[PDB]
Every structure is written in C-alpha cells, then in structure tokens.
Amino acid sequence: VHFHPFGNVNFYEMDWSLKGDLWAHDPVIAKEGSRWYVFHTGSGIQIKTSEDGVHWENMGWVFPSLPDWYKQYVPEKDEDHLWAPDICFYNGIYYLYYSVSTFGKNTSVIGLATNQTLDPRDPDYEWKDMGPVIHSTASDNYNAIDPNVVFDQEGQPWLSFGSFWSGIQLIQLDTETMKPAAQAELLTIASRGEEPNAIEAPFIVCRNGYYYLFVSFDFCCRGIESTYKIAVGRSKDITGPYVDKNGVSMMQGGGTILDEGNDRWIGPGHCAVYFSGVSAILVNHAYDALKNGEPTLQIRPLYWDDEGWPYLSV
Ligand SMILES: [Ca+2]
C-alpha cells in the first residue's frame with residue numbers, strides 16, 4: 001500500500017507477543033526503513049518506536065507546545081492531549097492528521113502536521129504545523145475528530161472521520177494541499193441510526209476491489225466498563241453504500257463484529273489495518289482487566305476468508 005508501506009516483512013509469520021511500553025489509546029503505525037513508529041492519543045501526540053514491531057519504547061511527542069490556532073476553533077480546551085492521529089506517506093512527506101477537541105462535545109478541528117522523515121536523527125526531522133483540515137461547531141451535525149486518509153485505487157486521497165452526531169463522514173482531499181477543497185462535498189457514510197449514535201474511529205482500506213470501512217461501536221474510555229467493539233462493512237465504491245455480511249447498510253447500523261473483547265481484554269477498538277504483501281495486521285487498543293483497565297496496544301494478524309471478509313484468530 002504505497003501510502004502505508006511495510007517493506008517485505010511478513011506479518012503472518014511474526015510473533016506478535018508485544019513487549020515494552022504498551023500503554024496506548026487510538027493508535028496508528030508507520031514504518032520507515034528498519035524503524036517502526038506508533039502515534040497515539042496523548043499530550044502533544046505521543047510517539048513510540050520499535051526496531052521490530054514487537055518491542056516498543058516510548059519516544060517523545062509531536063507538539064511540545066500547542067499551536068495558537070487551536071484556540072480559534074476550540075477555545076475552551078484547557079489541556080494538551082491531542083487525539084486519534086493518522087499517518088500516511090505520499091510524495092516523500094509524512095502527513096499526520098490529528099484531533100483537537102473536548103470530550104463529549106463536537107466543537108472540534110482536525111489538524112495536519114507534516115514531516116520529511118520519521119527519524120529524529122535525520123537533519124530534516126521537523127514536525128511542521130500545517131494548520132486545520134476540517135472543523136465542526138456546535139451547530140454542525142458531525143464531529144471533526146478521528147481522521148483517516150485512504151487513497152482509492154485511482155490515486156485520489158479521501159479523508160474519513162467522525163464520532164457520534166450523524167456518524168462517519170467522508171470528503172475528498174486535494175493531492176497537493178492534502179486538504180479538502182473549500183467547496184468539497186461532505187458525505188455521511190455510516191451511522192448506528194440510534195441516539196446517542198455510538199460510532200467513531202473510521203479506517204478504510206482497499207482489498208481486491210472492495211473498500212472496507214472499519215469502525216468502533218459503543219463506548220471507549222471507561223476502563224473495564226468500556227463496551228467498545230470493532231465492526232466492518234464493505235463497498236465496491238469508496239462513497240458507499242458500505243454493507244455488512246448480512247446485506248445491511250452501515251447507514252442503518254450495519255457492521256459485522258470483528259472483535260468485542262472477552263473477560264481479559266475489555267472494549268477493544270479504535271483500529272487501524274495495514275498490509276505487507278498479502279499479509280495484514282489489525283492494530284487497536286484494549287482495556288486490560290488485569291491492570292486496572294489500562295489501555296494497551298494490540299497488534300494481531302488479520303486473516304481474510306474466501307468471501308473476502310476479515311477475521312482474527314487465536
Ligand atoms: Ca484512527
């Protein structure tokens with residue numbers, strides 16, 4: 001996947017028994033050369049690195065001091081946590097989208113940081129503040145958080161995003177600015193059809209001519225009382241309709257459940273899906289019932305059945 005490259009390594013062969021610094025919430029992963037990186041929710045966007053994808057070490061943050069412009073969109077934000085980063089690699093540049101918001105409110109903005117490299121040893125390492133991408137106010141019927149970029153088969157970048165309110169949104173990006181045109185249409189592509197509308201954290205991938213929309217249902221952020229689950233649907237066209245195994249549109253609460261956790265891992269969600277060759281991984285967090293509900297990084301091989309639907313195993 002040109003914009004999420006993982007070399008030749010074979011995820012289905014690897015031992016994904018993670019070790020090290022595994023606290024994480026809302027992760028994404030990128031690999032540049034021999035080094036792997038996690039970005040996740042936390043102060044200034046938290047970063048972890050690994051040599052192998054398995055042993056993780058905490059490594060700094062993107063924004064030591066938050067951009068002044070956040071206050072123009074979310075003036076009541078009073079702490080430095082940035083949420084749900086998303087990484088892609090295009091034209092030599094790393095594009096890191098992220099969320100500026102306050103929990104449970106839809107006064108929100110997605111920002112963009114860019115870097116020439118992910119390696120802080122490189123003289124050109126610098127996370128540049130490239131400003132807002134899309135925002136919501138309290139009279140909008142959507143929430144501008146939880147970005148994900150996908151490039152369709154034809155090379156057009158799209159941004160999906162959303163949490164609660166009318167649900168998951170989709171908008172085209174321009175290839176040079178990596179932002180929507182000012183008159184670009186905003187499409188709604190998934191919704192529980194319930195109030196509150198507990199759907200968020202979209203992630204789209206293409207496999208064999210279908211677009212797969214992964215989302216998280218129900219409630220994060222409650223430790224062992226979290227009810228998060230990972231759901232998926234698919235469409236031949238990136239604008240929908242995304243439908244689940246049963247033929248139900250994701251605009252009507254459709255979605256096939258991929259993981260709802262167990263008595264040890266509570267509330268898995270906020271996922272990402274990456275490929276290397278025909279192998280794939282699912283990345284998410286889950287709340288550790290054996291460690292005070294602390295949110296923990298999970299990376300697992302993601303298999304695909306003979307109808308094209310993803311599944312986990314043991
Ligand atoms: Ca995400």
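Residue numbers in this text run from 1 along the chain shown.
Going by what the header records, the deposited coordinates were determined by X-ray crystallography, 1.1 Å.
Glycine is treated like the rest: Cβ placed from N, Cα and C.
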Among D21, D26, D244, indicate the single residue that Swiss-Prot lists for the substrate site containing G104, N143, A144, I145, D146, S163, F164, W165.
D26
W165 (substrate binding site) to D26 (active site, proton acceptor), Cα to Cα, whole Å, comes out at 19
Using the alpha carbons only, what distance in Å do you get between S163 (substrate binding site) and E200 (active site, proton donor) once rounded?
4
How many whole Å apart are the CA atoms of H270 (site 'Important for substrate recognition') and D26 (active site, proton acceptor)?
5
Check the binding-site residues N143, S163 for other C-beta atoms within 10 angstroms of each C-beta and report the one with the most.
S163
Rounded to the nearest Å - Cα separation of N143 (substrate binding site) and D26 (active site, proton acceptor)
16
Please report the number of other Cβ atoms within 10 Å of the Cβ of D26 (active site, proton acceptor).
29
Sort out the sequence-distant neighbours of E200 (active site, proton donor) for me: same chain, 6+ apart, CB within less than 8 Å of its CB, listed by position.
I145, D146, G162, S163, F164, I168, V215, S216, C220, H270
